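What follows is one structure encoded as structure tokens, with my remarks underneath.
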Amino acid sequence: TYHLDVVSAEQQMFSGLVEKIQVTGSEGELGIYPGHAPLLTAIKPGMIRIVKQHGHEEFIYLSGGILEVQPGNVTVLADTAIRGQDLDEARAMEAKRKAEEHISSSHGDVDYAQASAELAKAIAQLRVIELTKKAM
Amino acid sequence: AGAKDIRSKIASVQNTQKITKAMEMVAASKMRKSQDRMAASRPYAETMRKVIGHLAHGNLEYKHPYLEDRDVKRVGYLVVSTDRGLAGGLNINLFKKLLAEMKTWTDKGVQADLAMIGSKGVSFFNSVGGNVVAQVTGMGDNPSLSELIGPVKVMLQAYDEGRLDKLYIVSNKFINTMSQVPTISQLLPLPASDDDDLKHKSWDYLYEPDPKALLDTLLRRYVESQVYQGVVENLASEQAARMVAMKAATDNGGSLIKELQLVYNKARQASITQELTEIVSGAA
Amino acid sequence: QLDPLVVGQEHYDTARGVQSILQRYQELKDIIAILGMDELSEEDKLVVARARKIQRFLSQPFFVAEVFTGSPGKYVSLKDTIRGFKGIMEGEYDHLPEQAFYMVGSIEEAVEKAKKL
């Protein structure tokens, strides 16, 4: 067996002990057994098969990433969303448009909205200073 | 004055103090969840920077633009800011440090560009007139990398296209649960690794398909994590700063209660006596 | 006598601007007390700073108060005082600290006091 990590930029996805794995590297399918020579490659979006020692089989879907294997260790730096020449350029185009305009969105913190409006209304018009004789 | 008019404001300030206490509690919980999510992000950048160091500063050191110090004629910044107020002085210290450094750079006559994460900096720098060129806003408590892809892509394209040089990320470093410091750090050209992988001598990767097109993707993905990491640290710093600020606001309210109650006591004493003296003096 | 047909338009406008921004600072004091000065809009921090600088520049040393403090007494002409307040209000002295305006004569003494801190 060897140690396998499946790690995204956000959170970890797998950290077990494995006996072999199978992936679709950019240049073709590819099977990693223990002791495999150090290797570096990109992997295409699709499934990957893990077999945990004692032979337990499971399938993890990856949106792509980079597979790097070492003596007795291996890691899959998985992508969190599909990546591509066109998709990333569309996202950059929208990110540019939103800046050439002055269009901005609303954060989803309804709790902060509630508390902020309540505090804005409670603090409003209460003429405390000049009621208490506090100079400051 | 007026006793009833003052009791109404005492009640209003008590309500304000209660609201601020609830906000302190909410922020003190979100801070823990955010700073754990902050630790969930280290392994990716660490185990990718080791690879980049092997391909970049190891044996057969390859050559890539992002690794070398071409001469600087304009600079770019990625600015992370909060989407929500009441965070204390967090955002303005950072924007003032950025303006100091960005002014030092324009003393030398270089041009500068900005990309904004968060609504507050977007509002600020258009008032100051900064040259924002890309932005993302509305992240809230759920910062995705698949949304940071955009402006980081804009800055990377402007770098390799030859326009920008020496781009930076500015953000707040979360250091202690009551101590956060604004930092400007360099992402590209890649900063210099403290460690040496001369000990990696004894092995080399079987690069499939080929090492250069692969180092390109490795470097692009690496700046992304470090930015994403900057965004998440800034978010935990925001939560900690809001906690401290609402604590202070609750104590300020608790002192205004003392002052208003002293005034109310004086007012009600004066009202009792001014009424009873009129009654007694009216009876011939 | 504080009418434009009696004191001139420039004096009237200067006095009314001073009143207006001191009143706006009064309206902000109560929220500054609770939340602190960091919640203020970027232009409200400016009215706060200019209001505090006006409050300092309203002070003056007196020839009869020359025995409570040691400062020499100052006599300020109307032209110089409106010249100074009109200057503060429109931000041409935004760069000086507040203490530069405490207990001075005309504004040209505040610019000097700023050098000595």
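Every chain in the structure tokens takes a letter, A first, then B, and so on in the order presented; its residues are numbered from 1, and the ligands are numbered from 1 following the presented order.
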
Handout entry: Distance-based interface of chain B with chain C, 7 Å, counting only C-alpha atoms, as a ChimeraX atom specification
Key = /B:86,88-89,249,252-253

Practice task
Return as a PyMOL selection string the residues belonging to chain A that are within 8 Å of chain B, counting only C-alpha atoms.
Solution key: chain A and resi 7-12+26-27+37-42+70+77+80-81+88-89+91-100+104-109+112+115+118-119+122-123+126+128+131-132

Expected file contents, prior selection, N, CA and C atoms, as a compact mmCIF listing (two decimals), in the first residue's frame:
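Resulting contents of result.txt:
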```txt
# COMPACT_ATOMS: atom_id res chain seq x y z
N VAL A 7 -6.56 16.41 -2.81
CA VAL A 7 -6.62 17.71 -2.16
C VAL A 7 -7.09 18.74 -3.18
N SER A 8 -8.07 19.54 -2.79
CA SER A 8 -8.50 20.70 -3.56
C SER A 8 -7.93 21.96 -2.92
N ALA A 9 -8.06 23.08 -3.64
CA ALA A 9 -7.60 24.34 -3.09
C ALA A 9 -8.41 24.73 -1.86
N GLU A 10 -9.63 24.21 -1.73
CA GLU A 10 -10.52 24.57 -0.64
C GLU A 10 -10.43 23.60 0.53
N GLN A 11 -10.66 22.31 0.29
CA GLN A 11 -10.67 21.34 1.37
C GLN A 11 -10.22 19.98 0.86
N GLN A 12 -9.79 19.13 1.79
CA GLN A 12 -9.27 17.81 1.46
C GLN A 12 -10.41 16.85 1.14
N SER A 26 -3.81 13.14 -19.05
CA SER A 26 -4.07 13.85 -20.30
C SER A 26 -3.61 13.04 -21.51
N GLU A 27 -2.61 12.18 -21.32
CA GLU A 27 -2.04 11.39 -22.41
C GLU A 27 -2.57 9.96 -22.46
N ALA A 37 7.36 4.68 -10.14
CA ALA A 37 8.41 5.68 -10.24
C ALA A 37 7.82 7.08 -10.12
N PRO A 38 8.61 8.05 -9.64
CA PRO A 38 8.09 9.42 -9.53
C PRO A 38 7.57 9.91 -10.87
N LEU A 39 6.38 10.50 -10.86
CA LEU A 39 5.75 10.91 -12.12
C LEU A 39 4.87 12.13 -11.88
N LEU A 40 4.74 12.94 -12.92
CA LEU A 40 3.96 14.18 -12.87
C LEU A 40 3.12 14.27 -14.12
N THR A 41 1.83 14.57 -13.97
CA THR A 41 0.98 14.66 -15.15
C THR A 41 -0.27 15.46 -14.81
N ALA A 42 -0.95 15.92 -15.86
CA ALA A 42 -2.30 16.44 -15.72
C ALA A 42 -3.31 15.31 -15.90
N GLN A 70 5.22 9.94 -6.00
CA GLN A 70 6.51 9.98 -5.32
C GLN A 70 6.83 8.56 -4.87
N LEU A 77 -3.77 16.95 -6.88
CA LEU A 77 -4.15 18.35 -6.72
C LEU A 77 -5.33 18.60 -7.65
N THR A 80 -11.33 22.40 -8.49
CA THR A 80 -12.65 22.51 -7.88
C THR A 80 -13.74 22.83 -8.88
N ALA A 81 -13.39 23.34 -10.06
CA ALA A 81 -14.34 23.54 -11.14
C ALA A 81 -13.66 23.24 -12.46
N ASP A 88 -12.43 30.01 -18.65
CA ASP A 88 -11.72 30.99 -17.84
C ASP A 88 -11.73 32.36 -18.50
N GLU A 89 -11.72 32.40 -19.83
CA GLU A 89 -11.79 33.68 -20.52
C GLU A 89 -13.17 34.29 -20.41
N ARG A 91 -15.13 33.89 -17.77
CA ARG A 91 -15.17 34.42 -16.41
C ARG A 91 -14.37 35.71 -16.30
N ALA A 92 -13.19 35.77 -16.94
CA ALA A 92 -12.42 37.01 -16.93
C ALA A 92 -13.14 38.12 -17.68
N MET A 93 -13.88 37.79 -18.73
CA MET A 93 -14.62 38.81 -19.47
C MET A 93 -15.71 39.41 -18.60
N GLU A 94 -16.42 38.57 -17.84
CA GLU A 94 -17.43 39.10 -16.93
C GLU A 94 -16.79 39.89 -15.79
N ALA A 95 -15.64 39.42 -15.29
CA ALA A 95 -14.95 40.16 -14.23
C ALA A 95 -14.48 41.52 -14.72
N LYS A 96 -14.14 41.63 -16.00
CA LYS A 96 -13.75 42.92 -16.55
C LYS A 96 -14.97 43.81 -16.77
N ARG A 97 -16.04 43.26 -17.36
CA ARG A 97 -17.25 44.04 -17.58
C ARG A 97 -17.77 44.62 -16.27
N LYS A 98 -17.84 43.80 -15.22
CA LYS A 98 -18.34 44.29 -13.94
C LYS A 98 -17.51 45.45 -13.40
N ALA A 99 -16.25 45.58 -13.83
CA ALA A 99 -15.41 46.68 -13.40
C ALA A 99 -15.46 47.88 -14.34
N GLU A 100 -15.71 47.66 -15.63
CA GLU A 100 -15.84 48.78 -16.55
C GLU A 100 -17.16 49.50 -16.34
N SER A 104 -22.45 46.12 -8.82
CA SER A 104 -22.00 45.35 -7.66
C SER A 104 -23.17 44.56 -7.10
N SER A 105 -22.85 43.41 -6.49
CA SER A 105 -23.84 42.47 -6.02
C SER A 105 -24.10 42.67 -4.52
N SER A 106 -24.97 41.83 -3.97
CA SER A 106 -25.35 41.89 -2.57
C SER A 106 -24.82 40.66 -1.84
N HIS A 107 -24.08 40.88 -0.76
CA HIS A 107 -23.65 39.76 0.06
C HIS A 107 -24.85 39.05 0.66
N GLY A 108 -24.68 37.76 0.94
CA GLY A 108 -25.75 36.92 1.41
C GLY A 108 -25.98 36.90 2.90
N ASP A 109 -25.33 37.78 3.66
CA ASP A 109 -25.40 37.74 5.13
C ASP A 109 -26.67 38.45 5.59
N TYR A 112 -26.34 39.77 9.23
CA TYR A 112 -25.72 41.08 9.34
C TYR A 112 -26.67 42.16 8.87
N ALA A 115 -29.24 42.73 11.78
CA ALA A 115 -28.64 43.41 12.92
C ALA A 115 -28.23 44.83 12.58
N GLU A 118 -31.35 47.05 12.40
CA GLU A 118 -31.89 47.26 13.74
C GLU A 118 -31.03 48.26 14.50
N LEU A 119 -29.71 48.13 14.42
CA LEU A 119 -28.83 49.06 15.12
C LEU A 119 -28.87 50.45 14.49
N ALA A 122 -32.13 51.92 15.83
CA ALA A 122 -32.10 52.16 17.27
C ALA A 122 -31.22 53.35 17.62
N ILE A 123 -30.08 53.49 16.94
CA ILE A 123 -29.15 54.58 17.22
C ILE A 123 -29.58 55.90 16.60
N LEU A 126 -31.56 59.54 18.52
CA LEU A 126 -31.44 59.63 19.97
C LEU A 126 -30.40 60.69 20.30
N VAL A 128 -28.50 61.86 22.55
CA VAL A 128 -27.89 61.62 23.86
C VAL A 128 -26.89 62.71 24.20
N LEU A 131 -27.71 65.91 25.60
CA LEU A 131 -28.64 65.58 26.68
C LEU A 131 -27.86 65.35 27.97
N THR A 132 -27.00 64.34 27.97
CA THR A 132 -25.91 64.31 28.92
C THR A 132 -24.89 65.39 28.54
```

Practice task
Please identify every residue of chain C that has at least one atom no more than 9 Å from any atom of chain A, counting only C-alpha atoms, and report them as a PyMOL selection string.
Solution key: chain C and resi 26-27+29-31+33-34

Kindly export the residues of the current selection with N, CA and C atoms, as a JSON list (two decimals), in the first residue's frame.
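Final file, result.json:
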```
[["chain", "number", "residue", "atom", "x", "y", "z"],
["C", 26, "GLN", "N", -22.26, 67.97, 15.39],
["C", 26, "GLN", "CA", -23.13, 67.67, 16.52],
["C", 26, "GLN", "C", -24.00, 66.46, 16.22],
["C", 27, "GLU", "N", -24.51, 66.36, 14.99],
["C", 27, "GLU", "CA", -25.37, 65.23, 14.64],
["C", 27, "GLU", "C", -24.60, 63.91, 14.59],
["C", 29, "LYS", "N", -21.85, 63.25, 16.65],
["C", 29, "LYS", "CA", -21.25, 62.92, 17.94],
["C", 29, "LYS", "C", -21.89, 61.69, 18.58],
["C", 30, "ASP", "N", -23.22, 61.58, 18.49],
["C", 30, "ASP", "CA", -23.91, 60.51, 19.22],
["C", 30, "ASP", "C", -23.58, 59.13, 18.67],
["C", 31, "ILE", "N", -23.36, 59.02, 17.36],
["C", 31, "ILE", "CA", -22.97, 57.74, 16.79],
["C", 31, "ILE", "C", -21.48, 57.48, 16.98],
["C", 33, "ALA", "N", -19.94, 58.24, 19.62],
["C", 33, "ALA", "CA", -19.83, 57.78, 21.00],
["C", 33, "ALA", "C", -20.06, 56.28, 21.12],
["C", 34, "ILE", "N", -21.02, 55.75, 20.37],
["C", 34, "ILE", "CA", -21.37, 54.34, 20.46],
["C", 34, "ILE", "C", -20.38, 53.50, 19.66]]
```

For region 166-169 of chain B, work out the shell of residues within 12 Å, counting only C-alpha atoms and skipping chain neighbours fewer than 4 positions away, then give it as a tab-separated table (two decimals) with N, CA and C atoms, in the first residue's frame.
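As a result, result-v4.tsv now contains:
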```tsv
chain	number	residue	atom	x	y	z
B	65	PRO	N	8.61	33.07	-17.63
B	65	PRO	CA	8.50	34.49	-17.26
B	65	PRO	C	8.20	34.74	-15.79
B	66	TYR	N	7.26	33.99	-15.21
B	66	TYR	CA	6.85	34.25	-13.83
B	66	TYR	C	7.97	33.99	-12.83
B	67	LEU	N	9.10	33.44	-13.26
B	67	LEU	CA	10.18	33.10	-12.35
B	67	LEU	C	11.31	34.12	-12.33
B	68	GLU	N	11.31	35.10	-13.24
B	68	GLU	CA	12.47	35.96	-13.43
B	68	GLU	C	12.05	37.43	-13.43
B	69	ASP	N	13.00	38.29	-13.07
B	69	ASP	CA	12.72	39.69	-12.74
B	69	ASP	C	12.94	40.62	-13.93
B	70	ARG	N	12.04	40.55	-14.90
B	70	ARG	CA	12.04	41.56	-15.95
B	70	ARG	C	11.85	42.94	-15.33
B	71	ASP	N	12.30	43.96	-16.06
B	71	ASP	CA	12.30	45.32	-15.53
B	71	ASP	C	10.87	45.83	-15.39
B	72	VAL	N	10.65	46.65	-14.38
B	72	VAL	CA	9.31	47.06	-13.97
B	72	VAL	C	9.01	48.43	-14.54
B	73	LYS	N	7.88	48.54	-15.24
B	73	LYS	CA	7.39	49.82	-15.74
B	73	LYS	C	5.94	50.10	-15.38
B	74	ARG	N	5.16	49.10	-14.99
B	74	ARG	CA	3.89	49.33	-14.30
B	74	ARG	C	3.59	48.12	-13.43
B	75	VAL	N	2.79	48.36	-12.39
B	75	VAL	CA	2.59	47.40	-11.31
B	75	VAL	C	1.10	47.11	-11.19
B	76	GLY	N	0.78	45.96	-10.62
B	76	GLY	CA	-0.60	45.56	-10.43
B	76	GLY	C	-0.81	45.00	-9.03
B	77	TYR	N	-2.00	45.26	-8.49
B	77	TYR	CA	-2.37	44.83	-7.15
B	77	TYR	C	-3.70	44.08	-7.18
B	78	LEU	N	-3.78	43.02	-6.39
B	78	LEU	CA	-5.04	42.37	-6.07
B	78	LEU	C	-5.42	42.77	-4.64
B	79	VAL	N	-6.57	43.42	-4.50
B	79	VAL	CA	-7.00	44.00	-3.23
B	79	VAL	C	-8.20	43.22	-2.72
B	80	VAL	N	-8.07	42.67	-1.52
B	80	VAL	CA	-9.16	41.98	-0.84
B	80	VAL	C	-9.71	42.89	0.25
B	81	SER	N	-11.03	43.03	0.30
B	81	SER	CA	-11.68	43.85	1.30
B	81	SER	C	-12.98	43.18	1.73
B	94	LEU	N	-5.64	49.21	5.67
B	94	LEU	CA	-5.09	48.51	4.51
B	94	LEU	C	-5.10	49.41	3.29
B	98	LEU	N	-1.85	50.68	1.19
B	98	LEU	CA	-1.78	50.49	-0.25
B	98	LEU	C	-1.55	51.81	-0.96
B	101	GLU	N	2.16	52.89	-0.58
B	101	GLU	CA	3.10	52.16	-1.44
B	101	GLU	C	2.85	52.47	-2.91
B	102	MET	N	1.59	52.57	-3.32
B	102	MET	CA	1.23	52.89	-4.69
B	102	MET	C	1.61	54.32	-5.07
B	105	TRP	N	5.43	54.11	-5.62
B	105	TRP	CA	5.70	53.56	-6.94
B	105	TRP	C	5.49	54.59	-8.05
B	110	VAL	N	6.02	55.09	-12.45
B	110	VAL	CA	5.40	53.87	-12.96
B	110	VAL	C	3.88	53.96	-12.81
B	111	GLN	N	3.17	53.30	-13.71
B	111	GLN	CA	1.71	53.23	-13.65
B	111	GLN	C	1.29	52.02	-12.81
B	112	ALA	N	0.08	52.07	-12.27
B	112	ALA	CA	-0.40	51.03	-11.38
B	112	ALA	C	-1.85	50.68	-11.70
B	113	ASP	N	-2.20	49.41	-11.49
B	113	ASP	CA	-3.53	48.90	-11.76
B	113	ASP	C	-4.04	48.11	-10.56
B	114	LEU	N	-5.36	48.02	-10.44
B	114	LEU	CA	-6.01	47.41	-9.29
B	114	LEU	C	-7.06	46.40	-9.73
B	115	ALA	N	-7.17	45.31	-8.97
B	115	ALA	CA	-8.27	44.37	-9.08
B	115	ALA	C	-8.86	44.17	-7.69
B	116	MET	N	-10.19	44.25	-7.59
B	116	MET	CA	-10.87	44.38	-6.31
B	116	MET	C	-11.63	43.11	-5.96
B	117	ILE	N	-11.39	42.59	-4.77
B	117	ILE	CA	-12.22	41.56	-4.15
B	117	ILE	C	-12.96	42.22	-3.00
B	152	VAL	N	-8.04	37.10	-11.16
B	152	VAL	CA	-6.69	36.57	-11.17
B	152	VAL	C	-6.28	36.21	-12.59
B	154	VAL	N	-7.38	37.82	-15.22
B	154	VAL	CA	-7.13	39.11	-15.86
B	154	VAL	C	-5.71	39.58	-15.55
B	155	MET	N	-5.31	39.50	-14.28
B	155	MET	CA	-3.98	39.97	-13.91
B	155	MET	C	-2.88	39.07	-14.48
B	156	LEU	N	-3.10	37.76	-14.52
B	156	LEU	CA	-2.10	36.87	-15.10
B	156	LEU	C	-1.95	37.13	-16.60
B	157	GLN	N	-3.07	37.32	-17.30
B	157	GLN	CA	-3.01	37.61	-18.72
B	157	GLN	C	-2.31	38.94	-18.97
B	158	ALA	N	-2.62	39.96	-18.17
B	158	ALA	CA	-1.94	41.23	-18.32
B	158	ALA	C	-0.46	41.12	-17.99
B	159	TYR	N	-0.07	40.17	-17.14
B	159	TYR	CA	1.34	39.98	-16.84
B	159	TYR	C	2.06	39.31	-18.00
B	160	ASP	N	1.63	38.11	-18.39
B	160	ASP	CA	2.33	37.40	-19.45
B	160	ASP	C	2.18	38.08	-20.80
B	162	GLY	N	2.75	41.01	-21.22
B	162	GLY	CA	3.82	41.98	-21.24
B	162	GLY	C	3.49	43.32	-20.62
B	173	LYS	N	-3.30	39.88	7.46
B	173	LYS	CA	-2.81	38.63	8.03
B	173	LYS	C	-3.47	38.39	9.38
B	182	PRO	N	-2.29	44.56	8.35
B	182	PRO	CA	-2.33	44.63	6.88
B	182	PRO	C	-0.95	44.38	6.29
B	183	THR	N	-0.89	43.50	5.30
B	183	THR	CA	0.36	43.12	4.67
B	183	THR	C	0.23	43.25	3.16
B	184	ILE	N	1.30	43.70	2.53
B	184	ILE	CA	1.46	43.65	1.08
B	184	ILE	C	2.55	42.64	0.78
B	185	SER	N	2.22	41.61	0.03
B	185	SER	CA	3.14	40.53	-0.27
B	185	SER	C	3.24	40.35	-1.77
B	186	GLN	N	4.38	39.79	-2.18
B	186	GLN	CA	4.67	39.56	-3.61
B	186	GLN	C	4.31	38.14	-3.98
B	187	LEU	N	3.54	37.98	-5.05
B	187	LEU	CA	3.18	36.64	-5.53
B	187	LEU	C	4.03	36.33	-6.76
B	188	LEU	N	4.04	37.20	-7.76
B	188	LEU	CA	4.87	36.99	-8.98
B	188	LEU	C	5.68	38.26	-9.21
B	189	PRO	N	7.01	38.26	-9.39
B	189	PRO	CA	7.79	37.09	-9.72
B	189	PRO	C	7.83	36.18	-8.50
B	190	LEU	N	7.97	34.87	-8.69
B	190	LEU	CA	7.82	33.99	-7.52
B	190	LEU	C	8.86	34.31	-6.47
B	191	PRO	N	8.44	34.44	-5.21
B	191	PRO	CA	9.36	34.67	-4.13
B	191	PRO	C	10.24	33.43	-4.00
B	223	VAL	N	-0.49	30.57	-8.05
B	223	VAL	CA	-0.89	31.93	-7.62
B	223	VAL	C	-2.33	31.86	-7.16
B	224	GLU	N	-3.17	31.05	-7.79
B	224	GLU	CA	-4.60	31.07	-7.44
B	224	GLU	C	-4.78	30.66	-5.99
B	226	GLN	N	-2.75	30.86	-3.46
B	226	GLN	CA	-2.21	31.88	-2.55
B	226	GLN	C	-3.19	33.04	-2.49
B	227	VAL	N	-3.78	33.42	-3.61
B	227	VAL	CA	-4.81	34.49	-3.55
B	227	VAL	C	-5.93	33.92	-2.71
B	228	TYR	N	-6.54	32.83	-3.17
B	228	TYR	CA	-7.62	32.27	-2.36
B	228	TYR	C	-7.25	32.24	-0.88
B	229	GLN	N	-6.01	31.86	-0.56
B	229	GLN	CA	-5.59	31.85	0.83
B	229	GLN	C	-5.65	33.25	1.42
B	230	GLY	N	-5.22	34.25	0.66
B	230	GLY	CA	-5.33	35.61	1.15
B	230	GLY	C	-6.76	36.02	1.41
B	231	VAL	N	-7.69	35.61	0.55
B	231	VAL	CA	-9.09	35.95	0.75
B	231	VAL	C	-9.62	35.33	2.04
B	234	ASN	N	-8.22	37.06	5.11
B	234	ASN	CA	-8.87	38.35	5.29
B	234	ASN	C	-10.26	38.19	5.89
```

Practice task
Counting only C-alpha atoms, figure out which residue out of B:192, B:87, B:52, B:31 gets nearest to residue 248 (chain B).
Solution key: B:87

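The strand (DSSP E or B) portion of region 18-149 of chain B consists of residues 74, 75, 76, 77, 78, 79, 80, 111, 112, 113, 114, 115, 116, 117, 132, 133, 134, 135 and 136 of chain B, with states taken from DSSP on the backbone.
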
Emit the selected residues as a short mmCIF file (atom, residue, chain, number, x, y, z; two decimals), in the first residue's frame, including N, CA, C and O atoms.
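Output file selection.cif is given in full below:
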```cif
data_model
loop_
_atom_site.label_atom_id
_atom_site.label_comp_id
_atom_site.auth_asym_id
_atom_site.auth_seq_id
_atom_site.Cartn_x
_atom_site.Cartn_y
_atom_site.Cartn_z
N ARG B 74 5.16 49.10 -14.99
CA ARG B 74 3.89 49.33 -14.30
C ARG B 74 3.59 48.12 -13.43
O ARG B 74 4.06 47.01 -13.68
N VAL B 75 2.79 48.36 -12.39
CA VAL B 75 2.59 47.40 -11.31
C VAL B 75 1.10 47.11 -11.19
O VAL B 75 0.25 47.91 -11.60
N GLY B 76 0.78 45.96 -10.62
CA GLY B 76 -0.60 45.56 -10.43
C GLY B 76 -0.81 45.00 -9.03
O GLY B 76 0.07 44.37 -8.46
N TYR B 77 -2.00 45.26 -8.49
CA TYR B 77 -2.37 44.83 -7.15
C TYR B 77 -3.70 44.08 -7.18
O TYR B 77 -4.62 44.47 -7.89
N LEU B 78 -3.78 43.02 -6.39
CA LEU B 78 -5.04 42.37 -6.07
C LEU B 78 -5.42 42.77 -4.64
O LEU B 78 -4.66 42.50 -3.70
N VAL B 79 -6.57 43.42 -4.50
CA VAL B 79 -7.00 44.00 -3.23
C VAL B 79 -8.20 43.22 -2.72
O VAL B 79 -9.22 43.13 -3.40
N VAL B 80 -8.07 42.67 -1.52
CA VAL B 80 -9.16 41.98 -0.84
C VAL B 80 -9.71 42.89 0.25
O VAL B 80 -8.94 43.46 1.04
N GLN B 111 3.17 53.30 -13.71
CA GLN B 111 1.71 53.23 -13.65
C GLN B 111 1.29 52.02 -12.81
O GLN B 111 2.05 51.06 -12.65
N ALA B 112 0.08 52.07 -12.27
CA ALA B 112 -0.40 51.03 -11.38
C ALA B 112 -1.85 50.68 -11.70
O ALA B 112 -2.63 51.54 -12.12
N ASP B 113 -2.20 49.41 -11.49
CA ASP B 113 -3.53 48.90 -11.76
C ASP B 113 -4.04 48.11 -10.56
O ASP B 113 -3.25 47.59 -9.76
N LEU B 114 -5.36 48.02 -10.44
CA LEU B 114 -6.01 47.41 -9.29
C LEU B 114 -7.06 46.40 -9.73
O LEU B 114 -7.73 46.58 -10.75
N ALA B 115 -7.17 45.31 -8.97
CA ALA B 115 -8.27 44.37 -9.08
C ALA B 115 -8.86 44.17 -7.69
O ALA B 115 -8.13 43.93 -6.72
N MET B 116 -10.19 44.25 -7.59
CA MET B 116 -10.87 44.38 -6.31
C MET B 116 -11.63 43.11 -5.96
O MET B 116 -12.44 42.63 -6.77
N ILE B 117 -11.39 42.59 -4.77
CA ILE B 117 -12.22 41.56 -4.15
C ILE B 117 -12.96 42.22 -3.00
O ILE B 117 -12.34 42.79 -2.10
N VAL B 132 -9.18 50.73 -11.18
CA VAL B 132 -9.67 49.37 -11.07
C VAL B 132 -9.99 48.84 -12.46
O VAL B 132 -10.59 49.55 -13.28
N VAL B 133 -9.57 47.61 -12.74
CA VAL B 133 -9.78 47.01 -14.05
C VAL B 133 -10.56 45.71 -13.99
O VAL B 133 -11.12 45.30 -15.02
N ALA B 134 -10.64 45.05 -12.84
CA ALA B 134 -11.46 43.86 -12.69
C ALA B 134 -11.91 43.77 -11.24
O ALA B 134 -11.22 44.25 -10.34
N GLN B 135 -13.06 43.15 -11.02
CA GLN B 135 -13.60 43.07 -9.68
C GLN B 135 -14.52 41.87 -9.53
O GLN B 135 -15.13 41.40 -10.50
N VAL B 136 -14.61 41.39 -8.30
CA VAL B 136 -15.62 40.43 -7.88
C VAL B 136 -16.13 40.86 -6.52
O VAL B 136 -15.35 41.24 -5.64
#
```

Would you pick out the contacts of residue 88 (chain C) at 8 Å or less, using only C-alpha atoms, so that residues sharing its chain but fewer than 5 positions from it are not included, and give the list as a PDB file with N, CA, C and O atoms, in the first residue's frame?
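File written: result_25.pdb
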```
ATOM      1  N   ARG C  50     -12.688  68.832  10.019  1.00  0.00           N
ATOM      2  CA  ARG C  50     -12.774  70.268   9.799  1.00  0.00           C
ATOM      3  C   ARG C  50     -13.569  70.943  10.909  1.00  0.00           C
ATOM      4  O   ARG C  50     -13.275  72.082  11.280  1.00  0.00           O
ATOM      5  N   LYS C  53     -11.188  71.334  13.750  1.00  0.00           N
ATOM      6  CA  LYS C  53     -10.228  72.397  13.477  1.00  0.00           C
ATOM      7  C   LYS C  53     -10.873  73.771  13.604  1.00  0.00           C
ATOM      8  O   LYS C  53     -10.235  74.718  14.073  1.00  0.00           O
ATOM      9  N   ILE C  54     -12.137  73.903  13.196  1.00  0.00           N
ATOM     10  CA  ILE C  54     -12.855  75.155  13.409  1.00  0.00           C
ATOM     11  C   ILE C  54     -13.023  75.421  14.899  1.00  0.00           C
ATOM     12  O   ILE C  54     -12.796  76.539  15.373  1.00  0.00           O
ATOM     13  N   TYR C  93      -6.323  74.045   4.280  1.00  0.00           N
ATOM     14  CA  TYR C  93      -5.478  73.759   5.433  1.00  0.00           C
ATOM     15  C   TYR C  93      -5.710  72.360   5.991  1.00  0.00           C
ATOM     16  O   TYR C  93      -5.462  72.119   7.177  1.00  0.00           O
ATOM     17  N   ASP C  94      -6.179  71.428   5.160  1.00  0.00           N
ATOM     18  CA  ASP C  94      -6.484  70.083   5.637  1.00  0.00           C
ATOM     19  C   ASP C  94      -5.259  69.359   6.183  1.00  0.00           C
ATOM     20  O   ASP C  94      -5.413  68.400   6.944  1.00  0.00           O
TER      21      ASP C  94
END
```

Problem - Between CA of residue 107 (chain C) and CA of residue 52 (chain C) - distance in Å to one decimal - result: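 Between CA of residue 52 (chain C) and CA of residue 107 (chain C) the gap works out to 15.1 Å.
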